[PDB]
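Peer 1: Pasting in a structure now, in structure tokens, and then I'll have a few things to ask.
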Amino acid sequence: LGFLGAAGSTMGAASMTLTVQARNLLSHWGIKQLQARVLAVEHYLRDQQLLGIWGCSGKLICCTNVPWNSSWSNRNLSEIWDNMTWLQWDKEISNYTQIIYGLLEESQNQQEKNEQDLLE
Amino acid sequence: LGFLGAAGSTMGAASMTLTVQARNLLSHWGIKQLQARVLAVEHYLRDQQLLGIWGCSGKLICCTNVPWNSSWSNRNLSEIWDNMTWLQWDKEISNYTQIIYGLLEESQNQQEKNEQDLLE
Amino acid sequence: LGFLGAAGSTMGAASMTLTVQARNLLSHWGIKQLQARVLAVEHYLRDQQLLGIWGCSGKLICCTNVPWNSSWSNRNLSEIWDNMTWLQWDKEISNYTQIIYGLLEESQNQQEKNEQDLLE
Amino acid sequence: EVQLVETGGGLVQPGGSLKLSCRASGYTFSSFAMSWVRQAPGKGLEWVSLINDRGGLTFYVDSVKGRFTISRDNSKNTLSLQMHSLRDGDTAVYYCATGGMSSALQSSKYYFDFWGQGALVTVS
Amino acid sequence: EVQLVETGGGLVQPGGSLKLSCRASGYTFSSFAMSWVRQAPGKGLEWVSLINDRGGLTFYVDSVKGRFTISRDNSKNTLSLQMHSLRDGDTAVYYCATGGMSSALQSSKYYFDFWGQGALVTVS
Amino acid sequence: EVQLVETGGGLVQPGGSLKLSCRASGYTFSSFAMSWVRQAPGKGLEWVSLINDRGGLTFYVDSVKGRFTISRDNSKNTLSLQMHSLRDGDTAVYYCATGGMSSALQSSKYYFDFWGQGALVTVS
Amino acid sequence: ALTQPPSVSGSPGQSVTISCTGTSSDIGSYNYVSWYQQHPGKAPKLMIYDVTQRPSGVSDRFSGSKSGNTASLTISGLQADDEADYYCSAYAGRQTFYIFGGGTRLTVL
Amino acid sequence: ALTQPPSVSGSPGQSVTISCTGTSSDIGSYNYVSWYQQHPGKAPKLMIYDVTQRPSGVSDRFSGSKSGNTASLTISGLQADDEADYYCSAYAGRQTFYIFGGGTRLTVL
Amino acid sequence: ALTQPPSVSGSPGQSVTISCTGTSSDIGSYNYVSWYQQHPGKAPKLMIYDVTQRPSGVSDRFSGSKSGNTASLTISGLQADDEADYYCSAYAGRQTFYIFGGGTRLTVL
Ligand SMILES: *[C@@H]1O[C@H](CO[C@@H]2O[C@@H](C)[C@@H](O)[C@@H](O)[C@@H]2O)[C@@H](O)[C@H](O)[C@H]1NC(C)=O
Ligand SMILES: *[C@@H]1O[C@H](CO[C@@H]2O[C@@H](C)[C@@H](O)[C@@H](O)[C@@H]2O)[C@@H](O)[C@H](O)[C@H]1NC(C)=O
Ligand SMILES: *[C@@H]1O[C@H](CO[C@@H]2O[C@@H](C)[C@@H](O)[C@@H](O)[C@@H]2O)[C@@H](O)[C@H](O)[C@H]1NC(C)=O
Ligand SMILES: *[C@@H]1O[C@H](CO[C@@H]2O[C@@H](C)[C@@H](O)[C@@H](O)[C@@H]2O)[C@@H](O)[C@H](O)[C@H]1NC(C)=O
Ligand SMILES: *[C@@H]1O[C@H](CO[C@@H]2O[C@@H](C)[C@@H](O)[C@@H](O)[C@@H]2O)[C@@H](O)[C@H](O)[C@H]1NC(C)=O
Ligand SMILES: *[C@@H]1O[C@H](CO[C@@H]2O[C@@H](C)[C@H](O)[C@@H](O)[C@@H]2O)[C@@H](O)[C@H](O)[C@H]1NC(C)=O
Ligand SMILES: *[C@@H]1O[C@H](CO)[C@@H](O)[C@H](O)[C@H]1NC(C)=O
Ligand SMILES: *[C@@H]1O[C@H](CO)[C@@H](O)[C@H](O)[C@H]1NC(C)=O
Ligand SMILES: *[C@@H]1O[C@H](CO)[C@@H](O)[C@H](O)[C@H]1NC(C)=O
Ligand SMILES: *[C@@H]1O[C@H](CO)[C@@H](O)[C@H](O)[C@H]1NC(C)=O
Ligand SMILES: *[C@@H]1O[C@H](CO)[C@@H](O)[C@H](O)[C@H]1NC(C)=O
Ligand SMILES: *[C@@H]1O[C@H](CO)[C@@H](O)[C@H](O)[C@H]1NC(C)=O
Ligand SMILES: *[C@@H]1O[C@H](CO)[C@@H](O)[C@H](O)[C@H]1NC(C)=O
Ligand SMILES: *[C@@H]1O[C@H](CO)[C@@H](O)[C@H](O)[C@H]1NC(C)=O
Ligand SMILES: *[C@@H]1O[C@H](CO)[C@@H](O)[C@H](O)[C@H]1NC(C)=O
């Protein structure tokens, strides 16, 4: 039930502890420690900026409009969510991640523009 | 009308100056000043992260689905909002702070799952 | 198509590269470099706080309820969006920035209060 | 003593317009939501419109939604109603009343505490 | 073998209330959405209500929308339905069924996999 | 000179399908929203559907809402309409028109600037 | 909208009850019921609110209650001075904020 | 949807007015009224838009105006060649984007 | 809601087809069509789901299909044991989750 306690659990179970991990991301001699704190903050902010760009700001679970490609992974839902851990999943789809991120960004830009037109 | 000017006013009046205080949270010799600045940033981010977890991201006033327990405080609305300052209020219920925060987190996690299912 | 590539294009074109610029805002000898990094973070956070105050958190394009005053600029939309760049526009209205920001803040304060009453 | 005094109009032709207003005293005007309640000469009471204490939120009975505007001026302790298109069916006494809504940090209402005397509006 | 067993009520007067319950066994109760399907003595099947496996989301057919409550208890493997105002038109066999929905990370359902035998509810 | 040329279908049977297309030239196709306007043989004009300049947003009149699809290809300067279930009531001239909407950073429209000649669609 | 009877009556000293029946998404859902007393030619006065409460300024001879979709007003030590048209109203949600019944002409015998 | 008359007429040199009456959540709410001129057998041409404007390409003999829920088209120096079916239309909100009247047959005498 | 015929019949060994016609915002939009078999006095059994699938536990004599707004159930080597009321149902969106037809009484001759 503590930090990373669900790391060995399946994805569908581990997904219920998202706040456990999110809260553990924030908190010459003494400079290397000062540098570490600054770096940790910059890392954190980049992930938050990215969620913002994709339209997922403020939430831990975000549904999008980008379809899943079978070429990234052709496993079915039971096969994934009730069989694999997140560490295993992350390794399986690592090559195809920077493709997915690009698609999420493009999708949000189109959505924001459409919303703006609908408000004329 | 400046920072903390409303500190001695009642809760129902002070609540109209929330932007005044929010804007005053952000901005070897010289090191202790960097440490203070870095810590001020980390403090700020932890509060923002917490609002995110509770589903209050991006707003100064946020309603939730957690009912108020009469055991935390049994005062009625006039006692709390027409008179009573925020300093007094915080002291009155400081012992229930963690209970309330825990409830808010649980509520949002359930809300996210219900929303995800309603979109599938 | 890269960072600031659209700087010489008109506003109606440049508005489509907002994610290009947003992602380039984040990332004794060595101390002055930390000062620059800490400061860059604080700058970033102040802009995000301001968008939050105005009710534009999490989005790159945000519509508001503040009407445009012809005294700030009396140019029409086909002139501004099609025959002017953002650098030119920024100079044209640099004297009204603080007025506009004040109005946006006031508008959101009223919007939050109205929503709170509707949820009663 | 709380008073609400209508200082409204009289006899008007159908399809025209008529404005009502009400002055208040004896209480902080700005602390209460207000409403208009209508009573046709041979009928009971009908709710017509409701306005927030700050003037930002207004609600209408659907039968007048596209025809009536409700407003407020907290510096002049004045409630007002502007009616357009005046149907003959709108002949009634229009009462100024305090109550009908509250404001989140206040005890609830959902009833009317004070009434004025009522303006008689007649549409030919 | 999956078994759904209704243990319902009997004959009730119009305008009263009646509670049905269903006990389940032979499967992970908590993994499935459940619903109630009604069959009037002379008719076919009609969907009445649907509940999520976690008990958080409920859906109703409009005709009972303000009258029926569907609930769930995952610790007791129990599904329940509380009916109010019992119209004469509500006389039917009420079947406990597994299916009708699944949740996000699961493959889809949208059909019913298992049926109980049904409680008979009669309104006088 | 702006030209809109319909190259539509002909006579079809009820319940089937027919696809229309319109080729545009003389203006930047991508700068304008487009729509279809219908005229029954003995009637006036009726708006049927509207599509945004970028092709992402579409709007329909209720009478064809579940039956018609409007789409664009801005590389080929072509507007098209796919109609299904062809009601007899859909017999009309279908005109290709430019206008009906703007895109936020533009001056507004809400009127039609250009018309094609119209395809005749007949359903038996 | 709400149904309340005409012509409720009784002699001074006798109690009377004026009923008010609404619907489920009305009286049956919200405890925001009030009663008003209108003497002919005068503006209505509040007598009961929040189903059972009375404002300062009115007597304890007036008491509200409810069950199901029906609300009622009980008048105990009826006086000659109680002749009035009594009205019920209720909060009925955000789309249809308030509804009223017709008046009950209470006659004291 | 909109009402405009049939059989409008006058002799060359005489002005004519073609009215168009809609509703409040129509002409009464939005200033987006346009008029089109359709010669028999031809596609419609835009004559008036945004209530009072005319496009380049048309004469100044055509002028729009409105009051209340009624819009109108005035033709001044009426010509024999103005015979056409005139139509009014208006923006009517986001659920029902456009509505039209029937055609007005204008006959020049 | 859905229309399916009464009295479908045939002799043992003959195939039979039971049709189910719905609407566009029904069978024509969602591929979640299922069939149930109800012997009188018993709860219905699932025979077909997701238009063409069958659960483990039933024979391959039962095969579903669809086109347009019409679904159907085909039974091939008809048995005496197939006498039952067959019902079709379909997912019809989020406001009206499920609809059913009347029963088809299948008679074996
Ligand atoms: C998911 O697929 C199961 C069969 O999986 C097989 O082996 C894995 C490792 C992959 O190579 C896969 O493509 C193969 O088909 C089925 O038994 C199971 O029922 C399927 N589940 C769902 C929900 O479709
Ligand atoms: C309301 O509070 C009741 C009293 O328990 C006391 O207060 C809580 C918040 C804890 O601090 C506990 O240790 C104290 O003894 C609870 O029994 C009751 O369950 C609570 N109800 C709800 C709805 O929260
Ligand atoms: C709200 O409470 C006011 C004060 O009540 C008294 O003092 C408080 C601190 C408690 O000790 C309470 O038990 C006492 O009775 C009341 O005057 C006021 O009417 C109350 N508000 C409402 C709507 O009833
Ligand atoms: C619109 O602006 C008017 C003029 O304000 C003055 O000139 C502008 C350019 C600024 O320098 C400002 O600080 C000056 O006070 C106001 O009089 C008018 O109230 C404003 N508008 C609206 C729409 O309310
Ligand atoms: C936008 O304005 C263009 C130029 O108008 C003239 O110059 C500007 C800078 C102002 O001083 C203005 O008052 C002058 O008349 C027009 O050519 C163009 O048509 C206008 N756009 C629209 C949609 O009307
Ligand atoms: C789905 O994927 C198809 C093949 O995959 C493509 O090439 C591999 C090597 C990359 O890793 C993958 O990301 C590429 O997509 C594409 O041909 C097809 O266009 C893709 N479809 C959609 C909707 O994205
Ligand atoms: C580890 O795997 C076993 C099955 O071998 C399972 O029962 C247990 O719950 C799993 N532990 C966690 C943390 O998921
Ligand atoms: C994991 O996948 C295998 C594939 O052969 C399957 O047999 C097994 O049941 C799956 N386990 C879970 C928990 O889904
Ligand atoms: C990525 O591709 C390389 C190609 O050599 C492969 O070895 C590696 O396992 C892949 N990783 C995945 C599947 O994410
Ligand atoms: C301080 O209290 C007095 C009443 O004693 C009140 O009039 C005044 O407005 C209050 N000032 C502030 C800042 O709340
Ligand atoms: C606030 O008002 C109540 C009720 O009159 C009183 O009991 C309480 O002492 C007052 N407040 C404070 C903050 O001391
Ligand atoms: C908070 O807890 C401390 C320690 O038990 C106690 O002394 C104090 O009175 C409590 N405060 C309140 C408001 O209950
Ligand atoms: C620069 O101006 C030319 C016109 O002289 C235009 O074609 C070109 O697109 C402009 N550059 C950018 C980045 O828009
Ligand atoms: C600038 O205005 C002219 C008209 O004076 C117009 O032709 C041109 O298209 C406009 N510009 C741009 C850069 O799109
Ligand atoms: C802004 O104000 C200065 C005076 O401080 C003035 O000289 C300048 O022209 C103004 N800017 C514009 C675009 O008018």
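Residue names in the structure tokens use chain letters A, B, ... in the order shown, residue numbers from 1 in each chain, and ligand numbers from 1 in the order shown.
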Pick out the residues sitting within 10 Å of residue G:6, and hand them over as a list in words; count only C-alpha atoms, and ignore anything fewer than 2 positions along from it in its own chain.

Peer 2: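 Contacts, with the query itself left out: residues 3, 4, 8, 9, 18, 85, 86, 102, 103, 104, 105 and 106 of chain G.
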
Peer 1: Quick one: write out the picked residues with N, CA and C atoms as a tab-separated table (two decimals), in the first residue's frame?

Peer 2:
```
chain	number	residue	atom	x	y	z
G	3	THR	N	-52.18	20.76	-5.86
G	3	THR	CA	-53.59	20.73	-5.59
G	3	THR	C	-53.90	20.92	-4.13
G	4	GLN	N	-54.75	21.87	-3.85
G	4	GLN	CA	-55.16	22.11	-2.49
G	4	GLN	C	-56.65	22.35	-2.63
G	8	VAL	N	-62.37	25.11	2.88
G	8	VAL	CA	-62.13	24.47	4.15
G	8	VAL	C	-62.78	25.38	5.19
G	9	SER	N	-63.48	24.82	6.17
G	9	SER	CA	-64.13	25.66	7.15
G	9	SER	C	-64.32	24.99	8.50
G	18	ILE	N	-55.72	22.11	6.05
G	18	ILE	CA	-55.72	22.42	4.64
G	18	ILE	C	-54.61	21.60	3.99
G	85	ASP	N	-57.29	33.48	2.18
G	85	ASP	CA	-56.94	32.46	1.20
G	85	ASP	C	-55.58	31.90	1.51
G	86	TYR	N	-55.53	30.63	1.83
G	86	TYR	CA	-54.27	30.02	2.18
G	86	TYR	C	-53.68	29.35	0.98
G	102	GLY	N	-53.89	26.64	-5.90
G	102	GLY	CA	-54.83	27.76	-5.99
G	102	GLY	C	-55.07	28.14	-4.56
G	103	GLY	N	-55.90	29.11	-4.26
G	103	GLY	CA	-56.04	29.41	-2.84
G	103	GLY	C	-57.14	28.60	-2.18
G	104	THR	N	-57.00	28.37	-0.88
G	104	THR	CA	-58.04	27.73	-0.12
G	104	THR	C	-58.80	28.77	0.66
G	105	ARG	N	-60.07	28.95	0.35
G	105	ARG	CA	-60.80	29.97	1.07
G	105	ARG	C	-61.27	29.44	2.39
G	106	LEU	N	-60.56	29.83	3.44
G	106	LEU	CA	-60.88	29.35	4.76
G	106	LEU	C	-61.91	30.23	5.38
```

Peer 1: List the neighbours of stretch 38-47 of chain B out to 9 Å using only C-alpha atoms; skip same-chain residues closer than 4 positions along the sequence, and give me the result as a short mmCIF file (atom, residue, chain, number, x, y, z; two decimals) with C-alpha atoms, in the first residue's frame.

Peer 2:
```
data_model
loop_
_atom_site.label_atom_id
_atom_site.label_comp_id
_atom_site.auth_asym_id
_atom_site.auth_seq_id
_atom_site.Cartn_x
_atom_site.Cartn_y
_atom_site.Cartn_z
CA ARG A 23 2.80 12.40 -4.04
CA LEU A 26 7.89 16.31 -4.63
CA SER A 27 9.88 16.14 -1.29
CA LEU A 34 20.81 22.18 -4.14
CA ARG A 37 16.43 19.79 -5.78
CA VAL A 38 16.39 22.16 -8.73
CA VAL A 41 11.61 20.41 -9.96
CA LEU B 25 3.26 33.42 -3.10
CA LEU B 26 5.63 33.65 -6.04
CA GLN B 33 19.06 32.71 -0.39
CA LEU B 34 18.98 30.12 -3.15
CA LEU B 51 -5.30 20.69 -5.52
CA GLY B 52 -4.71 18.60 -8.60
CA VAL C 38 15.90 28.93 -10.37
CA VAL C 41 11.48 28.25 -13.05
CA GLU C 42 10.01 31.08 -11.07
CA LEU C 45 5.43 29.49 -12.62
#
```

Peer 1: One number please: atom CA of residue D:35 to atom CA of residue G:27, in Å, one decimal.

Peer 2: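 Spanning atom CA of residue D:35 to atom CA of residue G:27 is a straight-line distance of 21.2 Å.
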
Peer 1: Give me the residues within 8 Å of stretch 86-89 of chain C as number ranges by chain, counting only C-alpha atoms and dropping any in the same chain fewer than 5 places off.

Peer 2: C: 7, 10-11, 14, 80

Peer 1: One decimal, Å: what's the distance from atom CA of residue F:44 over to atom CA of residue H:32, could you say?

Peer 2: 19.0 Å

Peer 1: Give me the residues within 7 Å of stretch 17-26 of chain D as a PyMOL selection string, counting only C-alpha atoms and dropping any in the same chain fewer than 3 places off.

Peer 2: chain D and resi 1-9+29+77-86+96

Peer 1: Please write out the residues within 10 Å of ligand 1 as a PDB file with N, CA, C and O atoms, in the first residue's frame, counting only C-alpha atoms and all ligand atoms.

Peer 2:
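Okay, this is what ended up in part.pdb:
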```
ATOM      1  N   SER A  73       1.201  -2.380 -30.441  1.00  0.00           N
ATOM      2  CA  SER A  73       1.000  -3.586 -29.647  1.00  0.00           C
ATOM      3  C   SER A  73      -0.300  -4.218 -30.041  1.00  0.00           C
ATOM      4  O   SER A  73      -1.343  -3.559 -30.039  1.00  0.00           O
ATOM      5  N   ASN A  74      -0.277  -5.511 -30.313  1.00  0.00           N
ATOM      6  CA  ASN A  74      -1.482  -6.201 -30.710  1.00  0.00           C
ATOM      7  C   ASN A  74      -2.048  -7.061 -29.617  1.00  0.00           C
ATOM      8  O   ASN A  74      -2.816  -7.975 -29.913  1.00  0.00           O
ATOM      9  N   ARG A  75      -1.669  -6.805 -28.378  1.00  0.00           N
ATOM     10  CA  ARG A  75      -2.219  -7.585 -27.283  1.00  0.00           C
ATOM     11  C   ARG A  75      -3.649  -7.117 -27.047  1.00  0.00           C
ATOM     12  O   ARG A  75      -3.938  -5.948 -27.320  1.00  0.00           O
ATOM     13  N   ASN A  76      -4.554  -8.000 -26.553  1.00  0.00           N
ATOM     14  CA  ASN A  76      -5.939  -7.623 -26.243  1.00  0.00           C
ATOM     15  C   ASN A  76      -6.048  -7.113 -24.797  1.00  0.00           C
ATOM     16  O   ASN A  76      -5.078  -7.176 -24.038  1.00  0.00           O
ATOM     17  N   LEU A  77      -7.239  -6.597 -24.384  1.00  0.00           N
ATOM     18  CA  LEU A  77      -7.400  -5.991 -23.052  1.00  0.00           C
ATOM     19  C   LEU A  77      -7.223  -6.933 -21.888  1.00  0.00           C
ATOM     20  O   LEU A  77      -6.632  -6.549 -20.885  1.00  0.00           O
ATOM     21  N   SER A  78      -7.676  -8.169 -21.984  1.00  0.00           N
ATOM     22  CA  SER A  78      -7.466  -9.045 -20.844  1.00  0.00           C
ATOM     23  C   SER A  78      -5.990  -9.357 -20.718  1.00  0.00           C
ATOM     24  O   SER A  78      -5.390  -9.274 -19.643  1.00  0.00           O
ATOM     25  N   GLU A  79      -5.371  -9.584 -21.865  1.00  0.00           N
ATOM     26  CA  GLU A  79      -3.968  -9.923 -21.972  1.00  0.00           C
ATOM     27  C   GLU A  79      -3.096  -8.848 -21.364  1.00  0.00           C
ATOM     28  O   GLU A  79      -2.049  -9.139 -20.796  1.00  0.00           O
ATOM     29  N   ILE A  80      -3.500  -7.601 -21.507  1.00  0.00           N
ATOM     30  CA  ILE A  80      -2.733  -6.529 -20.934  1.00  0.00           C
ATOM     31  C   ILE A  80      -3.143  -6.281 -19.495  1.00  0.00           C
ATOM     32  O   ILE A  80      -2.391  -6.548 -18.556  1.00  0.00           O
ATOM     33  N   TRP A  81      -4.364  -5.810 -19.290  1.00  0.00           N
ATOM     34  CA  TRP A  81      -4.722  -5.251 -18.006  1.00  0.00           C
ATOM     35  C   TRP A  81      -4.775  -6.228 -16.859  1.00  0.00           C
ATOM     36  O   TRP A  81      -4.502  -5.847 -15.717  1.00  0.00           O
TER      37      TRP A  81
ATOM     38  N   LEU E 105     -11.456  -1.126 -18.915  1.00  0.00           N
ATOM     39  CA  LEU E 105     -10.256  -1.908 -19.139  1.00  0.00           C
ATOM     40  C   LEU E 105     -10.586  -3.344 -19.449  1.00  0.00           C
ATOM     41  O   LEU E 105      -9.717  -4.182 -19.653  1.00  0.00           O
ATOM     42  N   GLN E 106     -11.853  -3.631 -19.426  1.00  0.00           N
ATOM     43  CA  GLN E 106     -12.382  -4.940 -19.704  1.00  0.00           C
ATOM     44  C   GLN E 106     -12.852  -4.934 -21.129  1.00  0.00           C
ATOM     45  O   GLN E 106     -13.109  -3.863 -21.684  1.00  0.00           O
ATOM     46  N   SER E 107     -12.981  -6.104 -21.716  1.00  0.00           N
ATOM     47  CA  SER E 107     -13.543  -6.190 -23.036  1.00  0.00           C
ATOM     48  C   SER E 107     -14.991  -5.841 -22.873  1.00  0.00           C
ATOM     49  O   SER E 107     -15.481  -5.791 -21.745  1.00  0.00           O
ATOM     50  N   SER E 108     -15.670  -5.532 -23.960  1.00  0.00           N
ATOM     51  CA  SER E 108     -17.064  -5.160 -23.889  1.00  0.00           C
ATOM     52  C   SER E 108     -18.014  -6.301 -23.648  1.00  0.00           C
ATOM     53  O   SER E 108     -17.730  -7.451 -23.977  1.00  0.00           O
TER      54      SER E 108
END
```

Peer 1: Figure out the distance between atom CA of residue D:104 and atom CA of residue D:49, please, to one decimal in Å.

Peer 2: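 Value for the atom CA of residue D:49-atom CA of residue D:104 distance: 19.6 Å.
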
Peer 1: Among the residues of chain D, find those DSSP assigns to strand (DSSP E or B) from the backbone and print them as a ChimeraX atom specification.

Peer 2: /D:3-6,11-12,17-25,34-39,45-51,58-60,68-73,78-84,92-99,112-115,119-123
